[PDB]
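Worksheet for the structure shown next.
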Amino acid sequence: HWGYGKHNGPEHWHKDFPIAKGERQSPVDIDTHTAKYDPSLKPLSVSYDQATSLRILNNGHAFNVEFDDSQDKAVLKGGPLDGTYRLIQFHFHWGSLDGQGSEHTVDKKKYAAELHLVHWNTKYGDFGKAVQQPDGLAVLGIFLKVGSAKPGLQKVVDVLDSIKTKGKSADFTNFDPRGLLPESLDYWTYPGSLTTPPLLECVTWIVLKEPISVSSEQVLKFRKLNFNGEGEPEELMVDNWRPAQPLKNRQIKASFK
Ligand SMILES: COC(=O)c1cn(-c2c(F)c(F)c(S(N)(=O)=O)c(F)c2F)nn1
Ligand SMILES: [Zn+2]
């Protein structure tokens with residue numbers, strides 16, 4: 001089954017998921033000088049005040065903090081989007097070293113990690129239907145650099161000991177994802193895909209210009225997680241990122257000059 005190792009990693013995925021070589025794959029390099037300012041792009045509207053987190057899960061490729069998406073409680077609107085997208089989960093991708101870990105790159109620069117806040121278009125009724133549509137998901141991507149701690153991340157870091165291995169979950173209620181956002185909501189946007197199998201081409205990517213800083217101790221704790229299940233040989237969950245894919249017939253738009 002797919003993963004991030006030498007024998008089942010990103011270079012292999014196309015054999016089970018041929019869309020890996022498709023026309024709108026993610027992530028991509030964001031060439032800041034070639035991105036086009038679009039003065040008609042609207043500000044993002046991030047409405048997370050009524051967010052209801054439920055659970056945190058190690059799924060063997062990352063950890064997901066899951067939300068109640070059975071009502072419009074935490075929604076993303078505006079920006080390049082038409083309509084309303086509901087927050088279902090967030091997760092991260094990260095490296096074995098501080099100089100790698102992000103999926104998107106900026107002028108070929110890699111960040112230590114990348115946060116994905118995953119939302120689905122409510123006109124499609126459920127997440128499973130949404131991923132089958134070209135405008136089904138909106139993923140808000142936020143870069144992490146190592147420096148000062150992010151206080152709003154700490155509750156996530158503190159629970160990781162309880163979900164060390166694949167298939168473990170823990171209650172994770174009353175977490176406020178607003179504490180993970182940078183000051184600015186300036187962004188780049190382009191049409192792309194899920195960055196893990198099934199690699200479906202259903203995502204409007206919205207990548208924030210401003211990274212958040214996290215501490216070395218915070219990201220070290222991410223790196224103590226395991227890809228494996230309990231009782232299986234230990235394989236540290238690190239380098240769970242897909243590299244940049246060809247841009248092909250796409251232009252990245254910027255909300256800012
Ligand atoms: C049963 O189905 C699942 O578990 C499932 C998981 N995903 C999923 C994914 F593959 C992905 F790459 C990204 S990303 N990294 O934000 O683009 C996501 F946000 C995802 F939600 N899609 N389907
Ligand atoms: Zn992701």
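Naming scheme: A, B, ... for chains in displayed order of the structure tokens; residues 1 onward per chain; ligands 1 onward as shown.
With a cut-off of 9 Å and using only C-alpha atoms and all ligand atoms, the polymer residues contacting ligand 2 are residues 62, 90, 91, 92, 93, 103, 114, 115, 116, 117, 118, 139, 141, 194, 195, 196 and 241 of chain A.
Around residue 58 in chain A, within 9 Å and counting only C-alpha atoms, the residues found are residues 62, 63, 64, 160, 163, 164, 165, 166, 167, 168, 169, 225, 226 and 227 of chain A, once anything fewer than 4 positions away on its own chain is removed.
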Export of the given selection (C-alpha atoms) as a PDB file, in the first residue's frame:
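Dumped to part.pdb:
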```pdb
ATOM      1  CA  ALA A  62      -0.344  12.012   9.382  1.00  0.00           C
ATOM      2  CA  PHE A  63      -2.595  12.975  12.306  1.00  0.00           C
ATOM      3  CA  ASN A  64      -5.994  14.535  11.654  1.00  0.00           C
ATOM      4  CA  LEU A 160       0.517  13.276  20.455  1.00  0.00           C
ATOM      5  CA  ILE A 163      -1.831   8.647  19.418  1.00  0.00           C
ATOM      6  CA  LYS A 164       1.710   7.495  18.749  1.00  0.00           C
ATOM      7  CA  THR A 165       0.826   4.682  16.357  1.00  0.00           C
ATOM      8  CA  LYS A 166      -1.424   4.054  13.361  1.00  0.00           C
ATOM      9  CA  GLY A 167      -5.084   3.660  14.225  1.00  0.00           C
ATOM     10  CA  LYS A 168      -4.945   5.384  17.602  1.00  0.00           C
ATOM     11  CA  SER A 169      -7.353   8.179  18.373  1.00  0.00           C
ATOM     12  CA  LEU A 225       4.986   9.835  15.989  1.00  0.00           C
ATOM     13  CA  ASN A 226       4.983   6.479  14.185  1.00  0.00           C
ATOM     14  CA  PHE A 227       3.749   5.433  10.735  1.00  0.00           C
TER      15      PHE A 227
END
```
message = Which residues are near residue 247 in chain A? Cut-off 9 Å, only C-alpha atoms, ignore same chain within fewer than 6 positions. Put them as a VMD selection string.
response = chain A and resid 23 to 29
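The shortest atom-to-atom distance to ligand 1, with only C-alpha atoms and all ligand atoms taken into account, belongs to A:197 out of A:197, A:182, A:243, A:231.
Distance check against ligand 1 using only C-alpha atoms and all ligand atoms: of A:49, A:217, A:201, A:31, the minimum falls on A:201.
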Please, which residues of range 86-171 of chain A, numbered as in this document, come out strand (DSSP E) from DSSP, as an mmCIF file with N, CA and C atoms, in the first residue's frame?
```cif
data_model
loop_
_atom_site.group_PDB
_atom_site.id
_atom_site.type_symbol
_atom_site.label_atom_id
_atom_site.label_comp_id
_atom_site.auth_asym_id
_atom_site.auth_seq_id
_atom_site.Cartn_x
_atom_site.Cartn_y
_atom_site.Cartn_z
ATOM 1 N N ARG A 86 -17.150 23.847 4.422
ATOM 2 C CA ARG A 86 -17.119 23.468 5.825
ATOM 3 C C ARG A 86 -15.828 22.788 6.218
ATOM 4 N N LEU A 87 -15.279 23.191 7.368
ATOM 5 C CA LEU A 87 -14.078 22.567 7.908
ATOM 6 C C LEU A 87 -14.394 21.168 8.380
ATOM 7 N N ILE A 88 -13.672 20.192 7.844
ATOM 8 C CA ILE A 88 -13.795 18.797 8.276
ATOM 9 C C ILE A 88 -12.614 18.313 9.130
ATOM 10 N N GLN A 89 -11.388 18.721 8.790
ATOM 11 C CA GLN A 89 -10.219 18.314 9.560
ATOM 12 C C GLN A 89 -9.055 19.197 9.187
ATOM 13 N N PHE A 90 -8.051 19.208 10.058
ATOM 14 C CA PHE A 90 -6.735 19.708 9.684
ATOM 15 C C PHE A 90 -5.684 18.685 10.022
ATOM 16 N N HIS A 91 -4.569 18.796 9.311
ATOM 17 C CA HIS A 91 -3.422 17.952 9.524
ATOM 18 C C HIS A 91 -2.202 18.693 9.038
ATOM 19 N N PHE A 92 -1.032 18.096 9.252
ATOM 20 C CA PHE A 92 0.243 18.655 8.842
ATOM 21 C C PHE A 92 1.043 17.631 8.007
ATOM 22 N N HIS A 93 2.015 18.176 7.278
ATOM 23 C CA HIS A 93 3.106 17.433 6.672
ATOM 24 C C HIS A 93 4.394 18.033 7.207
ATOM 25 N N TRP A 94 5.388 17.199 7.491
ATOM 26 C CA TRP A 94 6.626 17.695 8.092
ATOM 27 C C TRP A 94 7.819 16.845 7.741
ATOM 28 N N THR A 105 6.242 24.862 -2.072
ATOM 29 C CA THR A 105 7.504 25.584 -1.875
ATOM 30 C C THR A 105 7.292 26.982 -2.398
ATOM 31 N N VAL A 106 8.146 27.903 -1.971
ATOM 32 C CA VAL A 106 8.033 29.302 -2.367
ATOM 33 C C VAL A 106 9.378 29.683 -2.946
ATOM 34 N N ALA A 113 7.379 22.532 7.840
ATOM 35 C CA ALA A 113 6.101 21.841 7.882
ATOM 36 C C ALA A 113 5.049 22.687 7.167
ATOM 37 N N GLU A 114 3.917 22.052 6.897
ATOM 38 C CA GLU A 114 2.793 22.713 6.259
ATOM 39 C C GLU A 114 1.500 22.181 6.874
ATOM 40 N N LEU A 115 0.667 23.107 7.312
ATOM 41 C CA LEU A 115 -0.676 22.855 7.838
ATOM 42 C C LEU A 115 -1.704 22.963 6.739
ATOM 43 N N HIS A 116 -2.579 21.950 6.683
ATOM 44 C CA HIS A 116 -3.711 21.890 5.778
ATOM 45 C C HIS A 116 -5.014 21.857 6.513
ATOM 46 N N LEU A 117 -5.789 22.939 6.369
ATOM 47 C CA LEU A 117 -7.159 23.031 6.893
ATOM 48 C C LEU A 117 -8.080 22.705 5.738
ATOM 49 N N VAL A 118 -8.751 21.565 5.857
ATOM 50 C CA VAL A 118 -9.494 20.955 4.741
ATOM 51 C C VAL A 118 -10.973 21.269 4.884
ATOM 52 N N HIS A 119 -11.559 21.820 3.822
ATOM 53 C CA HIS A 119 -12.969 22.214 3.813
ATOM 54 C C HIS A 119 -13.666 21.660 2.574
ATOM 55 N N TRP A 120 -14.944 21.331 2.693
ATOM 56 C CA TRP A 120 -15.689 20.818 1.532
ATOM 57 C C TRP A 120 -16.911 21.678 1.222
ATOM 58 N N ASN A 121 -17.228 21.766 -0.065
ATOM 59 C CA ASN A 121 -18.291 22.621 -0.597
ATOM 60 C C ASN A 121 -19.657 22.063 -0.225
ATOM 61 N N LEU A 137 -13.425 20.815 -2.854
ATOM 62 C CA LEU A 137 -12.692 21.142 -1.636
ATOM 63 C C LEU A 137 -11.998 22.479 -1.741
ATOM 64 N N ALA A 138 -11.796 23.106 -0.578
ATOM 65 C CA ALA A 138 -10.908 24.249 -0.451
ATOM 66 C C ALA A 138 -9.961 23.921 0.685
ATOM 67 N N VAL A 139 -8.666 23.884 0.385
ATOM 68 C CA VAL A 139 -7.670 23.613 1.423
ATOM 69 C C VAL A 139 -6.863 24.874 1.664
ATOM 70 N N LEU A 140 -6.887 25.334 2.909
ATOM 71 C CA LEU A 140 -6.102 26.460 3.366
ATOM 72 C C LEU A 140 -4.763 25.922 3.858
ATOM 73 N N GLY A 141 -3.694 26.303 3.166
ATOM 74 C CA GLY A 141 -2.350 25.853 3.482
ATOM 75 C C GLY A 141 -1.553 26.946 4.162
ATOM 76 N N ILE A 142 -0.865 26.582 5.241
ATOM 77 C CA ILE A 142 -0.104 27.522 6.063
ATOM 78 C C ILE A 142 1.270 26.922 6.343
ATOM 79 N N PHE A 143 2.313 27.665 6.003
ATOM 80 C CA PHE A 143 3.676 27.208 6.223
ATOM 81 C C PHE A 143 4.078 27.385 7.649
ATOM 82 N N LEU A 144 4.882 26.443 8.132
ATOM 83 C CA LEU A 144 5.512 26.518 9.440
ATOM 84 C C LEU A 144 7.019 26.636 9.315
ATOM 85 N N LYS A 145 7.569 27.643 9.975
ATOM 86 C CA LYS A 145 9.009 27.790 10.168
ATOM 87 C C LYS A 145 9.360 27.593 11.622
ATOM 88 N N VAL A 146 10.577 27.132 11.866
ATOM 89 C CA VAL A 146 11.043 26.905 13.220
ATOM 90 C C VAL A 146 11.651 28.192 13.783
ATOM 91 N N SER A 169 -6.648 6.911 18.287
ATOM 92 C CA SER A 169 -7.353 8.179 18.373
ATOM 93 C C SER A 169 -7.537 8.592 19.839
ATOM 94 N N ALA A 170 -7.809 9.869 20.027
ATOM 95 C CA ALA A 170 -8.097 10.425 21.343
ATOM 96 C C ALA A 170 -9.162 11.510 21.214
ATOM 97 N N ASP A 171 -9.982 11.653 22.257
ATOM 98 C CA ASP A 171 -10.888 12.794 22.325
ATOM 99 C C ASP A 171 -10.065 14.068 22.178
#
```
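Residue nearest residue 109 in chain A, chosen from A:174, A:204, A:32, A:213 and counting only C-alpha atoms: A:32.
With only C-alpha atoms and all ligand atoms as the basis for measurement, A:17 is the residue among A:172, A:187, A:37, A:17 that approaches ligand 1 most closely.
Coordinates place CA of residue 185 in chain A at a distance of 17.1 Å from CA of residue 150 in chain A.
When the distance limit is 6 Å and only C-alpha atoms are what count, the residues near residue 189 in chain A, minus those fewer than 4 positions from it on the same chain, are residues 205, 206, 252 and 253 of chain A.
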Nearest to residue 67 in chain A by atom-to-atom distance, counting only C-alpha atoms, from A:190, A:13, A:48, A:256 = A:48
request  = Would you mind reading off the distance between CA of residue 79 in chain A and CA of residue 202 in chain A, one decimal, in Å?
outcome  = 16.9 Å
task = Point out the residue among A:128, A:3, A:60, A:80 with the least atom-to-atom distance to ligand 1, counting only C-alpha atoms and all ligand atoms.
result = A:128
message = as a PyMOL selection string, please: the residues near residue 184 in chain A (cut-off 10 Å, only C-alpha atoms, same-chain neighbours under 5 positions excluded).
response = chain A and resi 208-211
Those same residues, written as a PDB file, in the first residue's frame with N, CA, C and O atoms?
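Output below, filename again_38.pdb:
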```pdb
ATOM      1  N   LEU A 208      -1.421  30.616   2.314  1.00  0.00           N
ATOM      2  CA  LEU A 208      -1.154  31.903   2.945  1.00  0.00           C
ATOM      3  C   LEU A 208       0.298  32.318   2.743  1.00  0.00           C
ATOM      4  O   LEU A 208       1.218  31.517   2.827  1.00  0.00           O
ATOM      5  N   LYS A 209       0.487  33.608   2.485  1.00  0.00           N
ATOM      6  CA  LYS A 209       1.815  34.201   2.304  1.00  0.00           C
ATOM      7  C   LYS A 209       2.652  34.173   3.580  1.00  0.00           C
ATOM      8  O   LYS A 209       3.867  33.932   3.544  1.00  0.00           O
ATOM      9  N   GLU A 210       2.012  34.431   4.713  1.00  0.00           N
ATOM     10  CA  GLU A 210       2.734  34.550   5.985  1.00  0.00           C
ATOM     11  C   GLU A 210       2.800  33.183   6.678  1.00  0.00           C
ATOM     12  O   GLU A 210       1.768  32.582   6.981  1.00  0.00           O
ATOM     13  N   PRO A 211       4.014  32.680   6.942  1.00  0.00           N
ATOM     14  CA  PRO A 211       4.148  31.468   7.749  1.00  0.00           C
ATOM     15  C   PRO A 211       3.851  31.731   9.220  1.00  0.00           C
ATOM     16  O   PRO A 211       3.886  32.881   9.668  1.00  0.00           O
TER      17      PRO A 211
END
```
Apply DSSP to the structure's backbone, then extract all residues of range 9-142 of chain A labelled helix (DSSP H, G or I) and return them as a CSV table (one decimal) with C-alpha atoms, in the first residue's frame.
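Below you can see result.csv, which holds the result:
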```csv
chain,number,residue,atom,x,y,z
A,13,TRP,CA,1.9,6.3,-6.5
A,14,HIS,CA,1.0,6.6,-10.2
A,15,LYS,CA,0.9,2.9,-10.6
A,18,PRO,CA,-2.7,7.2,-12.6
A,19,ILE,CA,-4.1,10.7,-11.9
A,20,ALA,CA,-0.7,11.3,-10.2
A,21,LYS,CA,0.5,12.4,-13.6
A,122,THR,CA,-21.7,22.3,1.1
A,123,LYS,CA,-23.5,22.2,-2.2
A,124,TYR,CA,-22.3,18.6,-2.5
A,127,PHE,CA,-17.1,15.1,1.8
A,128,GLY,CA,-17.2,11.8,-0.2
A,129,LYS,CA,-19.3,13.5,-2.9
A,130,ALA,CA,-17.3,16.7,-2.8
```
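Contact shell of residue 175 in chain A at 8 Å (only C-alpha atoms; same-chain neighbours under 6 positions omitted): residues 52, 53 and 155 of chain A.
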Write out the residues from the selection above, keeping C-alpha atoms, as a PDB file, in the first residue's frame.
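Listing of part-v3.pdb after writing:
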```pdb
ATOM      1  CA  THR A  52     -16.438  22.064  17.212  1.00  0.00           C
ATOM      2  CA  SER A  53     -13.379  19.791  17.305  1.00  0.00           C
ATOM      3  CA  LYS A 155      -2.598  21.464  22.906  1.00  0.00           C
TER       4      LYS A 155
END
```
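Note that the spacing between CA of residue 230 in chain A and CA of residue 162 in chain A amounts to 11.8 Å.
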